[PDB]
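Undergrad: File follows, upload-v7.cif with mmCIF, C-alpha atoms:
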```
data_protein
loop_
_atom_site.label_atom_id
_atom_site.label_comp_id
_atom_site.auth_asym_id
_atom_site.auth_seq_id
_atom_site.Cartn_x
_atom_site.Cartn_y
_atom_site.Cartn_z
CA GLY A 1 0.00 0.00 0.00
CA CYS A 2 1.02 3.60 -0.57
CA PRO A 3 1.95 5.81 2.40
CA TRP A 4 -0.26 8.84 2.99
CA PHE A 5 2.82 11.09 3.14
CA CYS A 6 3.30 10.26 -0.53
CA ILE A 7 -0.41 10.31 -1.42
CA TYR A 8 -1.00 13.71 0.20
CA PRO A 9 2.06 15.83 -0.68
CA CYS A 10 2.81 19.29 0.66
CA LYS A 11 4.36 22.27 -1.11
CA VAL A 12 6.96 23.28 1.45
CA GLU A 13 10.41 21.94 0.63
CA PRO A 14 12.90 20.69 1.44
CA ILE A 15 11.08 19.48 4.57
CA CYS A 16 8.40 17.82 2.41
CA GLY A 17 10.91 16.64 -0.17
CA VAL A 18 13.13 14.92 2.37
CA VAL A 19 10.22 13.11 4.01
CA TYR A 20 8.75 12.36 0.56
CA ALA A 21 11.90 10.56 -0.55
CA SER A 22 12.28 8.72 2.74
CA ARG A 23 8.61 7.84 3.19
CA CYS A 24 7.73 6.78 -0.36
CA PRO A 25 9.53 3.61 -1.51
CA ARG A 26 8.89 1.96 -4.89
CA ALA A 27 6.46 -0.20 -2.90
CA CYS A 28 3.83 2.42 -3.69
CA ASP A 29 4.23 1.65 -7.41
CA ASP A 30 3.76 5.38 -8.02
CA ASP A 31 0.15 5.02 -6.86
#
```
Kindly present the structure from the file in structure tokens form.
TA:
Amino acid sequence: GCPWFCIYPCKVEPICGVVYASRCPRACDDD
């Protein structure tokens, strides 16, 4: 299943970008 951090992105980087990369493995299959 996809993590909600990756499903519901935010527009404030790099704090969102860092967590995005770390909390969205290929497991999500890009939704």
Undergrad: Using all atoms listed in the file, determine which residues lie at most 8 Å from residue 24 of chain A, disregarding the query and same-chain residues fewer than 4 positions distant; provide the list as a PyMOL selection string.
TA: chain A and resi 2-3+5-6+20+28
Undergrad: What does the structure give for the distance between atom CA of residue 29 of chain A and atom CA of residue 1 of chain A, in Å to one decimal?
TA: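 Taking atom CA of residue 29 of chain A and atom CA of residue 1 of chain A, their separation equals 8.7 Å.
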Undergrad: Every residue with an atom at most 12 Å from (7.8, 11.6, 6.0) (file coordinates; only C-alpha atoms) is what I'm after, so could you write them as an mmCIF file with C-alpha atoms, in the coordinates of the input?
TA:
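After the write, point29.cif holds the following:
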```cif
data_model
loop_
_atom_site.group_PDB
_atom_site.id
_atom_site.type_symbol
_atom_site.label_atom_id
_atom_site.label_comp_id
_atom_site.auth_asym_id
_atom_site.auth_seq_id
_atom_site.Cartn_x
_atom_site.Cartn_y
_atom_site.Cartn_z
ATOM 1 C CA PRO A 3 1.950 5.810 2.400
ATOM 2 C CA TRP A 4 -0.260 8.840 2.990
ATOM 3 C CA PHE A 5 2.820 11.090 3.140
ATOM 4 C CA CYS A 6 3.300 10.260 -0.530
ATOM 5 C CA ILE A 7 -0.410 10.310 -1.420
ATOM 6 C CA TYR A 8 -1.000 13.710 0.200
ATOM 7 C CA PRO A 9 2.060 15.830 -0.680
ATOM 8 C CA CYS A 10 2.810 19.290 0.660
ATOM 9 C CA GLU A 13 10.410 21.940 0.630
ATOM 10 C CA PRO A 14 12.900 20.690 1.440
ATOM 11 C CA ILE A 15 11.080 19.480 4.570
ATOM 12 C CA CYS A 16 8.400 17.820 2.410
ATOM 13 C CA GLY A 17 10.910 16.640 -0.170
ATOM 14 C CA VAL A 18 13.130 14.920 2.370
ATOM 15 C CA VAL A 19 10.220 13.110 4.010
ATOM 16 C CA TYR A 20 8.750 12.360 0.560
ATOM 17 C CA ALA A 21 11.900 10.560 -0.550
ATOM 18 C CA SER A 22 12.280 8.720 2.740
ATOM 19 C CA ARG A 23 8.610 7.840 3.190
ATOM 20 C CA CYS A 24 7.730 6.780 -0.360
ATOM 21 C CA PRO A 25 9.530 3.610 -1.510
#
```
Undergrad: Could you give me the axis-aligned bounding box of segment 11-21 of chain A, with 6 Å of padding per side, as centre plus edge lengths in Å to one decimal, as AutoDock Vina command-line options?
TA:
```
--center_x 8.7 --center_y 16.9 --center_z 1.7 --size_x 20.8 --size_y 24.7 --size_z 17.7
```
Undergrad: Reconstruct segment 2-16 of chain A at the level of N, CA and C atoms, and format the result as a PDB file, in the coordinates of the input.
TA:
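Result saved to part_1.pdb:
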```pdb
ATOM      1  N   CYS A   2       0.304   2.338  -0.521  1.00  0.00           N
ATOM      2  CA  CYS A   2       1.020   3.600  -0.570  1.00  0.00           C
ATOM      3  C   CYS A   2       0.869   4.358   0.737  1.00  0.00           C
ATOM      4  N   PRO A   3       1.954   4.997   1.185  1.00  0.00           N
ATOM      5  CA  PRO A   3       1.950   5.810   2.400  1.00  0.00           C
ATOM      6  C   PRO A   3       1.309   7.175   2.154  1.00  0.00           C
ATOM      7  N   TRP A   4       0.509   7.620   3.117  1.00  0.00           N
ATOM      8  CA  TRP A   4      -0.260   8.840   2.990  1.00  0.00           C
ATOM      9  C   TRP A   4       0.624  10.074   2.831  1.00  0.00           C
ATOM     10  N   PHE A   5       1.856  10.001   3.327  1.00  0.00           N
ATOM     11  CA  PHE A   5       2.820  11.090   3.140  1.00  0.00           C
ATOM     12  C   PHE A   5       3.095  11.299   1.654  1.00  0.00           C
ATOM     13  N   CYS A   6       3.027  10.215   0.895  1.00  0.00           N
ATOM     14  CA  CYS A   6       3.300  10.260  -0.530  1.00  0.00           C
ATOM     15  C   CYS A   6       2.015  10.533  -1.315  1.00  0.00           C
ATOM     16  N   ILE A   7       0.882  10.096  -0.770  1.00  0.00           N
ATOM     17  CA  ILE A   7      -0.410  10.310  -1.420  1.00  0.00           C
ATOM     18  C   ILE A   7      -0.873  11.755  -1.253  1.00  0.00           C
ATOM     19  N   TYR A   8      -0.641  12.321  -0.073  1.00  0.00           N
ATOM     20  CA  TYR A   8      -1.000  13.710   0.200  1.00  0.00           C
ATOM     21  C   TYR A   8       0.248  14.557   0.400  1.00  0.00           C
ATOM     22  N   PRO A   9       0.834  15.033  -0.704  1.00  0.00           N
ATOM     23  CA  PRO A   9       2.060  15.830  -0.680  1.00  0.00           C
ATOM     24  C   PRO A   9       1.816  17.262  -0.230  1.00  0.00           C
ATOM     25  N   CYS A  10       2.863  17.892   0.270  1.00  0.00           N
ATOM     26  CA  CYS A  10       2.810  19.290   0.660  1.00  0.00           C
ATOM     27  C   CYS A  10       3.758  20.105  -0.211  1.00  0.00           C
ATOM     28  N   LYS A  11       3.648  21.429  -0.166  1.00  0.00           N
ATOM     29  CA  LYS A  11       4.360  22.270  -1.110  1.00  0.00           C
ATOM     30  C   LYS A  11       5.492  23.048  -0.444  1.00  0.00           C
ATOM     31  N   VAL A  12       5.880  22.627   0.748  1.00  0.00           N
ATOM     32  CA  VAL A  12       6.960  23.280   1.450  1.00  0.00           C
ATOM     33  C   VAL A  12       8.194  22.370   1.501  1.00  0.00           C
ATOM     34  N   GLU A  13       9.162  22.695   0.686  1.00  0.00           N
ATOM     35  CA  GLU A  13      10.410  21.940   0.630  1.00  0.00           C
ATOM     36  C   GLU A  13      11.500  22.737   1.341  1.00  0.00           C
ATOM     37  N   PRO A  14      12.629  22.105   1.710  1.00  0.00           N
ATOM     38  CA  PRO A  14      12.900  20.690   1.440  1.00  0.00           C
ATOM     39  C   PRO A  14      12.288  19.745   2.471  1.00  0.00           C
ATOM     40  N   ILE A  15      11.612  20.294   3.479  1.00  0.00           N
ATOM     41  CA  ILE A  15      11.080  19.480   4.570  1.00  0.00           C
ATOM     42  C   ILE A  15      10.081  18.428   4.047  1.00  0.00           C
ATOM     43  N   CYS A  16       9.314  18.778   3.023  1.00  0.00           N
ATOM     44  CA  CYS A  16       8.400  17.820   2.410  1.00  0.00           C
ATOM     45  C   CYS A  16       9.129  16.909   1.436  1.00  0.00           C
TER      46      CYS A  16
END
```
